[PDB]
Each structure stands twice: as C-alpha cells, then as structure tokens.
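Presented below, as structure tokens, is a lone chain in the form deposited in one PDB entry.
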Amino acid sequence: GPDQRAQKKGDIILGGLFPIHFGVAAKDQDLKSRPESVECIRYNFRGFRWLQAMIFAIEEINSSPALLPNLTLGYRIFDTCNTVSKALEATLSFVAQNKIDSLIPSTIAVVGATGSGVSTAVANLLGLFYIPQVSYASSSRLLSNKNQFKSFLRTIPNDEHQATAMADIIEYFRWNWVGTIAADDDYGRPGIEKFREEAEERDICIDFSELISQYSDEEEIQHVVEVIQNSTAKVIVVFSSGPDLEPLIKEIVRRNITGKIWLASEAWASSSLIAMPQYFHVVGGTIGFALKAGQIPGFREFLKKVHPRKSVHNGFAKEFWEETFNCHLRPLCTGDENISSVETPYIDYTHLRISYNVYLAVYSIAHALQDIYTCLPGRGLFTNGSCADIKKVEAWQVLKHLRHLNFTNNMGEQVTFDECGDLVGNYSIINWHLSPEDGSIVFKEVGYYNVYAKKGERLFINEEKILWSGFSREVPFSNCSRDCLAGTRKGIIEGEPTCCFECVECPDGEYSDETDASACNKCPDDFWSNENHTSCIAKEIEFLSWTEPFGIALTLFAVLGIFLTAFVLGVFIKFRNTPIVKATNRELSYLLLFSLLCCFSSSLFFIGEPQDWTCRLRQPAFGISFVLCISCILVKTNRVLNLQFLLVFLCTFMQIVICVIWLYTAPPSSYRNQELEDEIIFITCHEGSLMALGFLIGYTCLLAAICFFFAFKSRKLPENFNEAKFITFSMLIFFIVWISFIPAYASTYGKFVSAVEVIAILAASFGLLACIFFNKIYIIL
C-alpha cells in the first residue's frame, strides 16, 4: 500500500481508512507518459484527530485487561484523501491474504471510510471477502442495502431521518418555497431525493434542484449561482460535504449574494472549509444538523502527546507537525514546538461527534472479538452452537458477532446494530453565529431532533436563540406568493407550482372569510356578500312598514278619513229629522257611510308586512266596499231619476261571487321576490288569477260608468240640492284617481306599489265622501 501509513503489530489487525487530506491534486492526466500516483494536497486536521481516536481506542483496549485479555490489537491505517482510488489501493492492501486465496498480515475488520462513495467502493471489495467494515461517517441510505453490502455496519445514523428533519424544520417556520443543492455523489443525491419526497408529502414546493462537486467547472458553478440568483426562494437545502460545497460558496461570496437561509446537512454544518468568517456575509445564520456529542476521557491528553519522533507507529505525525508549525524536519523545526500554541481543528474542538463514532467503531469490533473469546462451547452463534477460536479467528466470524453485537458504552448507552447495520441516534440543531470576542464562527445549539419520538413530535427548536442571516431576529419570508386575504381567493398561474398563486377578489355575492381560500364560498339564499366579501350579511327585507314615516302618514290619513266618515254619520244620526236628511234616503246614507268606512279599512289592509290572508283581503275588500257605495249612489240617482236595497244587494252579491270564486280557485299569496335586486328581498303579494283582478276592476268600473252616465243625463236637475251634479263629480274623481296611478300599479314593485294603491284608495274615497256629504254639511253648517 501507500508508504505513508500508521501501523502497529498485533495478534488481531484492524484496518483503518481516514481522510488525512481533503482531496488530491486536481489535474487531468495527460497520459503522455506513465501516470504516476496522484498527490494529496490539503491537510485535514480533523481527519488526523479521527485517526488518533482510532489509535487511542486501540491502545486503551490493549492497556485494559478487562477487554480482550492476553490479546494485542494492531492496526494498519491508510489515508484515503476522500478519494476512491486511494481507498481502493488501501483496501487491496487489506485483502492481500484473501486475494492470494481467491485467484502481509490478515485484516480482521476495517474502520472507515468517511465519504459514502468511498465507503461503497471499499465495501464492494470487503464484502467480497466477508471482511466486516464499520464506518464512522458514511451515512448514505444506499449502504443499508444488505444484498449489495454484506459486511457493512455504521456507528453513524442513516441519512433518511436527516432529510425528514430538514422537511420538518421547513414546515416549522411556515416555508413552502425552497431550493435544493446536493453533492453529485452517493451522499448528496439519496439525501436530496428523500428530502424531495418528504417535502412533496408536506406541500412544500422546490424551486430549483442543482448538483455540485469539488470538480465542478467554472461554467457549472456559474450556472448554479445564476439559478440561485434568479430564484425568489431564500431557503436553500444543501445536502453536501465541505469539499463538494466549497467552490459554490466561494463563488457566491465573490458575487456577495446575501439573505439566503442555508439548511445544512451534517456533513458540512460543522465544516471548517465553509464556516469561515470571511464567508459569514453569505453563510451566516446557517441552520444545520450535528451528531450527538460523546465523551472520551483522556483523549485530549493523548492528542497533546503527539510528536514526530515519539509517534513511530503513526507515520502521519510527520506531516501533521510540518503543517501545524509550518516547519520542515520553510524553516527547520527542532521538534520542541507546543501543540497548544497553534489554532487548528486538531485540539481546538468543542464536541467529539465523528471522533466518538471512530471510538465506538473500534470498541464495537473489540466487543465482538470479546464475545468470540468468551464463547461458552455449547452456546455459540455458529453451526451446532459451536464457537470460534480467538487464536485462529476469521473475518466472517467477527462479522457474524457484529451483527449480533449489543454492548454498553463508557457513557452507559446500549450500542447495537440492526439488520441494516445502522446505529440510530439523535440530532442536534445548530446555528452559525459570529463570535464577538474572536470573530470566528460559533455553532450554537438551537434545538434537537429526537428520532425516538413519534412523527410530528421529533423536532424541537428554540427560536429565541436563532439569529437569521447571523444578525436578524425576524423569521425570514420564503413563500412564493403572499397569502390571499379574506375577501379574496387563489387563482392559478399557468406553468407554475401550486405554491405560486395570484389573489383574485371574490365575485359579488360570494364571501371568503378565510385567509388563503382556494375558492370563494357562495352565500345562502337570504344573504348577500359584505362590502369587501370578507363575510356576508342578511338581505334587507323591503315592504311598507307601519313604523315607517311614510306608512305613518298613510295610516294617519286613513284614520282621518274614518274620523270624517264617523263625523258625517253622527251628524246624520243626531239630526236626521231635519228636512235635508229626510230628502235623501236615510237608510241608503247610512249604508253609504258604512261602505266608506269599509273602504278606508280596506285601504288600511295594504299597509303592513304582506301575509297570505292579507293579500287575500286587500283587493276583495276594496272592491266589495266600493261596489256597495257606488250602488247606493246609483239607487239614490234612480230615485232622483225596498227595490233600492234589492239593487245594491244584487251588485254587491255579484262582486262577492267574483271574490269567492277566485279566492277558492287561486288565492293570492305573499311571495318574497329576490329577482328585482340582489341585495334586497321585496316582500310582496301574488294575485294568483290576473283575469280575476280584471273582472274585479271591470265590474267596479262598469257600475261606475253606469252611475256616471245616469247622473250625467240628469246633472242639471235641481233635486236634493243638485245632488246629481255632485254625484257626477264624485264618480269623475274616482275615474281621475284610478287613471292617474296607472303606470305605478305594476312594474314598480316593493313599498311603492302598495303606497300608490293605498293613496289611490284614499283619494277616491275622500273624493266620493266629499262630493256626497260636504254640501249637505255646509247646508247644516
């Protein structure tokens, strides 16, 4: 394998894969000459701390007599540089003894790798030989496939819960308009696809989806940046590692794009490549996920005990020293430098999260080996309950014991893998703040995600600790469209997602009292829409009311007419013996005055709220009363020109025959017209039989015409103080009144028609009463 390595000799050997470098020298191999090994460039102190965690765990296990007594653990650890090719060279180094036996110490298990693509490439080769591989950082769901990867286990949780938690965080702050950026690898794509599913189930619309890489060209990065600029969405879900996101962040910083809310996956939410003060105007206020911190007592002292000369087994200490103090062993360095003097991620960490995963992977392998070592002969997991010989143990036996592993931590937590080889765990939710004292980016814990909880209760966030964009205390707005107010409704914008809608006000008569209403609700039959359609109010009912001032005036005039009729009748009764009262027919005068009273009472019927019987008794009453009065006048004229009572009764009987017939066949009824005006319901009467009203008015007018003619023939005659002329005047007044109001008798419905009717009745009755009796009263004085 590669010359630079960390090796210790032992009975049982653990392989190790760590990213001591962030990547390799990015250059296209010309193939002009023999291609030499690609060089790793940028030093990764956090990865070196992870390697030190593996070495520390192995040394701790060796020193403890409790775990694996009389057996020494060795390691062979190589640098992957986050690259598949280096990892595969190291893995070929791991499987040499198996390759010899398929077509150098034996490797019983491997710790690593970090990246999911690297782990997948390694796991193909390792599961070929059934060598167990416990990864500390690779969290792709693709590695949960136990058909493809027979010997892969994880001390890190799967990525599915992280994508679901990202969706839950988006839902918590009431966002539905977000963007997605993913690394174009086995980490980014599966996570972003799970997020897309969990967002579409939550009615969250994703504006854009882009893929990036550390090897993305200038044109591709420009395209992604310009896609971000053209978007209105300010919440961008980025599911990537640090190296894969660094070119995009650098370009966005160079363009000074601000105001975006970055939701970070665990792989970069704590990355020193991205969390730099000079990027804070772009990436400040990032909300991201972190793993559960763990404690390794004595680990920091072990880290501080590093030295090029003293660490002979660890061959990566030389470059660590050279890159720490910027020395060579560029000024020469003695080796007396102090680790505590330099600001690097090596010692200057707050929580051990992936380091604890490395520690747990080593201890899981150690506990599987201990379970092999302490196997009682008849209680084994193998054929017939047999147990493996720890002196001649094979990798598949360790894998079998790992699939059944269940051991207690140093922290008192049960570590066990499921069928998919996954270790479930909580998430912490962190926010990127700026340190006032130091100016560096500080990761403040603002919440957690409890994967052990039932759906809907897993997410907890304390928003008072969140500073949006690094400085703001107001939750930002990340919806495509503003909500549609009450009084409006949503309308579709063609070619755009459901989240993007236009606001269209409700039509007349339809109310929408809910903000963001899909459609405008219609109002019931008797209601009409509010002014702004934010509610609707009952329709106003319209008729001729008693309390109304106009109705009051009409009722006042009706009662005045009744008073005048009663006054005339009383004058006639008290002074009937006078020759003037004797000259005219006293009985017929009484009957005429009673008829006038009935006519005024019938005029009172039209006023008021219509009812079925009221509409039944308005026209018949007036018709009968007026025919009665006209008949009394007619018989008085016939006297002027016993039997008189016969004629008046005949005419009134005819009229009541019409009235009874058309009340029996088709009675008038009150109906509430809603077609005249939308806002107002006009409560009016329905005739039932129009030809019946025709017969009513025709008979009344025919008797009127007969009396008119008979009085006209003898108008000059001076009998009863020329009563014939006054009778003609009264009849002609009746005709004037009922001719005058012809246009208003129909069409103009509502209170106007009833008002015109009662006014016509009052005018006709007053004219008749005056022309008949005012001259006689004047004579009496």
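Residue positions are given as counts along the sequence shown, with the first one as 1. For clarity, a rigid core is taken as the largest C-alpha set superposing within 1.5 Å between two forms.
- Missing coordinates between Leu329 and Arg330 amount to 10 or more residues of the deposited sequence.
Below, we refer to the form deposited in another entry, which is not included among the displayed structures.
- Among the candidates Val424, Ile680, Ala293, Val442, the CA atom that moves 2 angstroms or more between the shown form and the other one after core superposition belongs to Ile680 alone.
- Once the rigid core is used as the reference frame, the Cα position of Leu88 differs between the shown form and the other one by less than 2 Å.
- Once the cores line up, the CA of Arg46 ends up less than 2 angstroms apart between the shown form and the other one.
- Once the cores line up, the CA of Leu596 ends up 2 angstroms or more apart between the shown form and the other one.
- Figure legend: C-alpha atoms of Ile607 and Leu628, shown here, are separated by at least 3 angstroms less in the other form.
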